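Visitor: Here you go, one structure.
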Amino acid sequence: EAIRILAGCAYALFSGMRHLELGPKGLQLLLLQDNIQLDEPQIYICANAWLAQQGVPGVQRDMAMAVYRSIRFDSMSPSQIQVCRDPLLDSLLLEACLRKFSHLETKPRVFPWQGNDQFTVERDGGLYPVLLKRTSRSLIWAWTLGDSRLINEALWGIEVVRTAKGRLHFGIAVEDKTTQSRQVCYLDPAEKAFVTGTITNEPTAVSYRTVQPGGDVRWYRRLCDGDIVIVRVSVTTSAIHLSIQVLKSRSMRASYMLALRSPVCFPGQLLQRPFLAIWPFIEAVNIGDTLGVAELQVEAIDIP
Amino acid sequence: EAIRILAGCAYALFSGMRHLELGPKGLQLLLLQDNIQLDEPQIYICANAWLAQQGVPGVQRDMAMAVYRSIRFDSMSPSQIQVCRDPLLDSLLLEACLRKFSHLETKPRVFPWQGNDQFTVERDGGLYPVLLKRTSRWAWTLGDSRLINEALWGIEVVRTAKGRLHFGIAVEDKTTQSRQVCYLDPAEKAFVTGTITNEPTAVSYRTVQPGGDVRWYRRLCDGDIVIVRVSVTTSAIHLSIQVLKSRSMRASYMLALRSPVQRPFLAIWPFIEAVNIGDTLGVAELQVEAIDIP
Amino acid sequence: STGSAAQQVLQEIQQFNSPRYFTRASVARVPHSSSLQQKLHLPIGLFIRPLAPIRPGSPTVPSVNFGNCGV
Numbered sequence: 365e366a367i368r369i370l371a372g373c374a375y376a377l378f379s380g381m382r383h384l385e386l387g388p389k390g391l392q393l394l395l396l397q398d399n400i401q402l403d404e405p406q407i408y409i410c411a412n413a414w415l416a417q418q419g420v470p471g472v473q474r475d476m477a478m479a480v481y482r483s484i485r486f487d488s489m490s491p492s493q494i495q496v497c498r499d500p501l502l503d504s505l506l507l508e509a510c511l512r513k514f515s516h517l518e519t520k521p522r523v524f525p526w527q528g529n530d531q532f533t534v535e536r537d538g539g540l541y542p543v544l545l546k547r548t549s550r551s563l564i565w566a567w568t569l570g571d572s573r574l575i576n577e578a579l580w581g582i583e584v585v586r587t588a589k590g591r592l593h594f595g596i597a598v599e600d601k602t603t604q605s606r607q608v609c610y611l612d613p614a615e616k617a618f619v620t621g622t623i624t625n626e627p628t629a630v631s632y633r634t635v636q637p638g639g640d641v642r643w644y645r646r647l648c649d650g651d652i653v654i655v656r657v658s659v660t661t662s663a664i665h666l667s668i669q670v671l672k673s674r675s676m677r678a679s680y681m682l683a684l685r686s687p688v689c690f691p692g693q694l695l696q697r698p699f700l701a702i703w704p705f706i707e708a709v710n711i712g713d714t715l716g717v718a719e720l721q722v723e724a725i726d727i728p
Numbered sequence: 365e366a367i368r369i370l371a372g373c374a375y376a377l378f379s380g381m382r383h384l385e386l387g388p389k390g391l392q393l394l395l396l397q398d399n400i401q402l403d404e405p406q407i408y409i410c411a412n413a414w415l416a417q418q419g420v470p471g472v473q474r475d476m477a478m479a480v481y482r483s484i485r486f487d488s489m490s491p492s493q494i495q496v497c498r499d500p501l502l503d504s505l506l507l508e509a510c511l512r513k514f515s516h517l518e519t520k521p522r523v524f525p526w527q528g529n530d531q532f533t534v535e536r537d538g539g540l541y542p543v544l545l546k547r548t549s550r565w566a567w568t569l570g571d572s573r574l575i576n577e578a579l580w581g582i583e584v585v586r587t588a589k590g591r592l593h594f595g596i597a598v599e600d601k602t603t604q605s606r607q608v609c610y611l612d613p614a615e616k617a618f619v620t621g622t623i624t625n626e627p628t629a630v631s632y633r634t635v636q637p638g639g640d641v642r643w644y645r646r647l648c649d650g651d652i653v654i655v656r657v658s659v660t661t662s663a664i665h666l667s668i669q670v671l672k673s674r675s676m677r678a679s680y681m682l683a684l685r686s687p688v696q697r698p699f700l701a702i703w704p705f706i707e708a709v710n711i712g713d714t715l716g717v718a719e720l721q722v723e724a725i726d727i728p
Numbered sequence: 157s158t159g160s161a162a163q164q165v166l167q168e169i170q171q172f173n174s175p176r177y178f179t180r181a182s183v184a185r186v187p188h189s190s191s192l193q194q195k196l197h198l199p200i201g202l203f204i205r206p207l208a209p210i211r212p213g214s215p216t217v218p219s220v221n222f223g224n225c226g227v
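Chains as they are written, first to last, in PDB author numbering: chain KB, 365 to 420, 470 to 551, 563 to 728; chain KE, 365 to 420, 470 to 550, 565 to 688, 696 to 728; chain GC, 157 to 227.
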């Protein structure tokens, strides 16, 4: 139960070198989860330093074998496996191949910034999304989407490469009522509040915007070049919280909790923390923001 | 000088396990040659069969290490990677599959049958031509040239319906500055010389060349392996075309060197010709006629 | 670079050209600039044998006729 609730926040367990805060017999399941937001190189430098800071026979050999096996690195972009190519092991480095050529492979267990319609995923080469560029295959309002994962607490992050001073949106996506509205959440820097709407497939247009009371979304800055936006989601039995903080601004803590939820999910077995399996609601609207996986900072986030 | 010859005639050297008789220093510099007549799966199989009877402990592992490192592993299908990935040399399998991903594979120093609008060529993962099929987008195609003195090469007829296949070699004439070509016609029961151009559906100046004995009786069919022998001397070249396990299909002809020839070293493009649409000609470098070891 | 510009002219000029025994050129290529030719100091020229006797092993001249049109 510790690990699945931890798995929504990748962005925390590693952060500013806090994988070494954890202990043995627990970290191997953390790399075995399917909820981690990160592209692999930020994970693997933390797995290398986890096998550091003890001095790393007996248990230590297959401990390193089990950590790296649980590291998903044989689906990497292959240009980045020449980086940190070590002469220690290739029985579990195994392919870095094969599954790549003939396209049957393990689950990615990563996902975000998916691109469809007027959006494409710019891979680093193997499988992984690290960018979504606003493409023009053919400046109109639209949206995009992610996938499902049973979350209690998530801390998935954003980075900005170039923005033209704002003009972007955030939020989540939930399927909680009888016949499939797919209520979403639509934070803007323009209409001073939360203007949550609804989804009926059809990604090129959004429908049924609704201004919402209950935000603290004040507006010191204009979302300059190179910002990191932390999206925090807390799942309770009656509401879903979100947080859109900005990380080295001593400000900009936008917060809300959404409406009532009809279903609930309980894995149970001595905790009743609810799951909902939300989708993300990343959004880009201008030729501009390419977004994607942020870098994993230098010092700390809320772990001390 | 011995392994300059043996690299060119590696078609039959690696067919009847004749490389087994070669010594440790011998096959190391023979494998380092740029003129080997095989694909690297059969190179690896012949090398491992060689290591079985002499070698395969630290020195022995290093001797094996030198044998594998001269073999390029970057021209495989992924299926041939995953059937013989022995867990002792797999560091080589990574350095060669990464240059597969980055498309900077080393020069295969083999002959790929060049793709053109009438002879498609399809590969299995690597740079080696697996099969050569006649399509439409007499017609001929050249494989890449080698500087040779005694070379051997051949292909197996996977499928044919009218059996009109011409086998021969291409020689670059330098005395008259032409590209006249020589092959064999089973229909005329004699060797034929002409010339070739840049568009590969033309062979001009049809001319009979007598003086060679031809013994053929039936058309080429499925499952027939053909072996071509070239042997350049100071004034003429031996040209033999035969069919394996068939005494009734053999021919040889003495063509005079238009440019008489280092010890008779000359650049020769392998030659093939066909008409039938759908004829598949598998490029098989004589998969081993095994010496049954008692 | 250098051999690339060379191969893109040699592979199309000589193959469609009248053969070696029929015609003989001094230089295979031709200058453009006036001040360039003045500095080169070599004679650019050609020698034409129309009825050069054909040697064996060489392409015979065609005898193409237009036929009924005469054009």
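No residue lacks a Cβ here, since even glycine has one placed at the ideal position from N, Cα and C.
#1: When DSSP builds the beta bridges, which residues end up paired with residue 618 of chain KB?
#2: Going by DSSP, which residues form a beta bridge with residue 593 of chain KE?
#3: Does DSSP put residue 377 of chain KB in a helix, in a strand, or in coil?
#4: Is the shortest distance between the beta-carbon of residue 491 of chain KB and the beta-carbons of chain KE less than 8 Å?
#5: Comparing C-alpha positions only, which one of KE:657, KE:567, KE:498 sits nearest to residue 581 of chain KE?
#6: Have a look at residue 654 of chain KE and residue 577 of chain KE and give me their C-alpha separation to the nearest angstrom.
#7: In the DSSP output, which residue or residues are listed as bridge partners for residue 664 of chain KE?
#8: So which of KE:404, KE:589, KE:606, KE:723 has the shortest CA-CA distance to residue 597 of chain KE?
#9: How many Å lie between residue 620 of chain KB and residue 635 of chain KB at the Cα?
#10: How big is the Cα-Cα spacing for residue 376 of chain KB and residue 689 of chain KB?
#11: How far does the alpha helix (DSSP H) with residue 512 of chain KE in it reach, from first residue to last?
#12: Beta carbons nearer than 7 Å to chain KE: which residues of the segment 508 to 529 of chain KB have them?
#13: In three-state terms, what does DSSP make of residue 651 of chain KE?
#14: Any idea what DSSP makes of residue 363 of chain KB, helix, strand or coil?
#15: Going by alpha carbons, who is nearest to residue 520 of chain KB out of KB:484, KB:498, KB:493, KB:499?
#16: From KE:418, KE:546, KE:398, KE:499, pick the residue whose C-alpha is nearest to that of residue 384 of chain KE; which is it?
#17: Write down the C-beta distance between residue 698 of chain KE and residue 524 of chain KE rounded to the nearest angstrom, noting that I regard them as a contact closer than 8 Å.
#18: As a quick exercise: from KE:493, KE:547, KE:652, pick the residue whose alpha carbon is nearest that of residue 541 of chain KE.
#19: Verify whether the separation of the beta carbon atoms of residue 526 of chain KE and residue 627 of chain KE is less than 8 Å.
#20: Determine the closest residue to residue 637 of chain KB out of KB:647, KB:651, KB:678, with distance taken between C-alpha atoms.
#21: Only counting the same chain, and skipping five residues up and downstream in sequence, which positions put a Cβ closer than 6 Å to that of residue 583 of chain KE?
#22: For residue 550 of chain KE, list the residues DSSP reports as bridge partners.
#23: Candidates KB:661, KB:472, KB:393: which alpha carbon is nearest residue 411 of chain KB's?
#24: Would you mind stating whether residue 664 of chain KE and residue 372 of chain KE have Cβ atoms separated by less than 8 Å?
#25: Closest to residue 724 of chain KE by CA distance: which of KE:401, KE:387, KE:406, KE:366 is it?
#26: Strictly under 8 Å for the Cβ-Cβ distance: is residue 697 of chain KE near chain GC by that measure?
#27: Strictly under 8 Å for the Cβ-Cβ distance: is residue 213 of chain GC near chain KE by that measure?
#28: Just tell me which of KB:486, KB:593, KB:726 has its CA closest to the CA of residue 671 of chain KB.
#29: Of the residues KE:390, KE:622, KE:601, which one's Cα is nearest the Cα of residue 565 of chain KE?
#30: Could you tell me whether the Cβ atoms of residue 666 of chain KE and residue 609 of chain KE are closer together than 8 Å?
#31: Where DSSP assigns a beta bridge to residue 605 of chain KE, which residues make up the other side?
#32: Applying a beta-carbon distance threshold of less than 8 Å, which residues of chain KE neighbour residue 171 of chain GC?
#33: Quick check on the DSSP output: the beta strand (DSSP E) that includes residue 567 of chain KE runs from which residue to which?
#34: Would you check if there are 3 or more beta carbon pairs closer than 8 Å linking the segment 503 to 514 of chain KB to the segment 504 to 518 of chain KE?
#35: With a threshold of 8 Å, are at least 3 pairs of Cβ atoms found where one atom belongs to the segment 174 to 183 of chain GC and the other to the segment 194 to 214 of chain GC?
#36: Kindly give me the distance between the Cβ atoms of residue 488 of chain KB and residue 380 of chain KB, rounded to whole angstroms, as I take these residues to be in contact under 8 Å.
Guide: Walking through what the data contain:
#1: KB:611, KB:636
#2: KE:707
#3: helix
#4: yes
#5: KE:657
#6: 13 Å
#7: KE:659, KE:682
#8: KE:606
#9: 7 Å
#10: 25 Å
#11: 503 to 514
#12: 509, 510, 511, 514, 515
#13: strand
#14: Because chain KB is modelled from 365 through 728, residue 363 of chain KB falls outside the range shown and cannot be assessed.
#15: KB:484
#16: KE:418
#17: Actually they do not touch by this definition, with Cβ atoms about 20 Å apart.
#18: KE:493
#19: no
#20: KB:678
#21: 652, 716, 718
#22: In the DSSP output, where bridge partners are listed per residue, residue 550 of chain KE has none listed.
#23: KB:393
#24: no
#25: KE:406
#26: no
#27: yes
#28: KB:726
#29: KE:622
#30: yes
#31: KE:600
#32: 624, 625
#33: 566 to 569
#34: yes
#35: yes
#36: With a Cβ gap of about 27 Å, residue 488 of chain KB and residue 380 of chain KB do not count as contacting.
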